[PDB]
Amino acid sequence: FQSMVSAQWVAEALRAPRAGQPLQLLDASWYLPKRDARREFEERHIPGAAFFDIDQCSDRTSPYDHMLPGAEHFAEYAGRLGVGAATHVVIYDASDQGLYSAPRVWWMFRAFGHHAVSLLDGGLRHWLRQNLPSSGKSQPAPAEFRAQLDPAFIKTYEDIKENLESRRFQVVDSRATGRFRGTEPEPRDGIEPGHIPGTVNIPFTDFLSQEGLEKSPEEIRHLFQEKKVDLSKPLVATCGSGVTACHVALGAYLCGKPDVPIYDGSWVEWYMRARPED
């Protein structure tokens, strides 16, 4: 329950606060090389917001980028960012779509045991149309954050591979149609486009309005039905590198289905390890 917060909710909760129930805004902007999320933050951001670096708060040994980090690493990261036991996290991003990389971080706090995490509707795109309540860097104090990762939130290469036979869960890919069909290139050097056999293409953009807001739960229910996805049966989301897949997990969450694991490795890992030849 209660996973998303509006542009007006956040304006009020700051001029609150409350006692034993703190707030902490986050700019989890992340882009494919095309924009500097940290420099853009320092130029323009929401008061109190600290920048959440998706590639920094990641597994330090993997050759893949923004793989879920270890429990001790996420505790040290979230802690130093102003997140504790009673903290209420609100994540946004300055993306053109409204929300893009923000649901990835929403999913991350949930996976490590901190369910007191919400998302800002429309992100910064709509924090512009609806008023203008900043510059600088940012300075929150620590933590004593505890992290216990629930592996039920993540699917591995082997799980996806073995599902090709078992069919125990539905797989939704949130990449653009072109990339999924194999008609548009992949943004990574040497990686070819295409998709995992038996997966459904539901691009992450289908979950949002042209305004950039999240579609209604009834609209998302209609989408899942039209794409031939049964929200009563198990569902796993995938994409290019495990970022926009969390939009699918969010869509299903707002429909009453919180158990939607993410294939963290996603297309880049699949292309590397399965080596599809066409």
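Numbers for residues come from their place in the sequence shown, where the first is 1.
- Going from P133 to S134, the model skips 1 to 3 deposited residues, which lack coordinates.
- When the mean C-alpha temperature factors of 105 to 113 and 82 to 90 are read from the deposited coordinates, 82 to 90 comes out higher.
- Stretches 213 to 221 and 64 to 72 differ in mean C-alpha B factor, with the higher average recorded for 213 to 221.
- Comparing C-alpha B-factors across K155, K137, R175, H195 in the deposited entry, the largest value falls on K137.
- If you compare the C-alpha temperature factors of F204, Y77, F180, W127 in the entry, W127 comes out highest.
- Split the chain's modelled residues into thirds by C-alpha temperature factor. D230 is in the middle one.
- Split the chain's modelled residues into thirds by C-alpha temperature factor. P33 is in the middle one.
- Annotation for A147: C-alpha temperature factor in the highest third relative to the rest of the modelled chain, per the entry.
- Per the PDB record, residue ranking by Cα B-factor puts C239 in the lowest third of the chain.
- Annotation for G265: CA B-factor lies in the lowest third of the chain's modelled residues.
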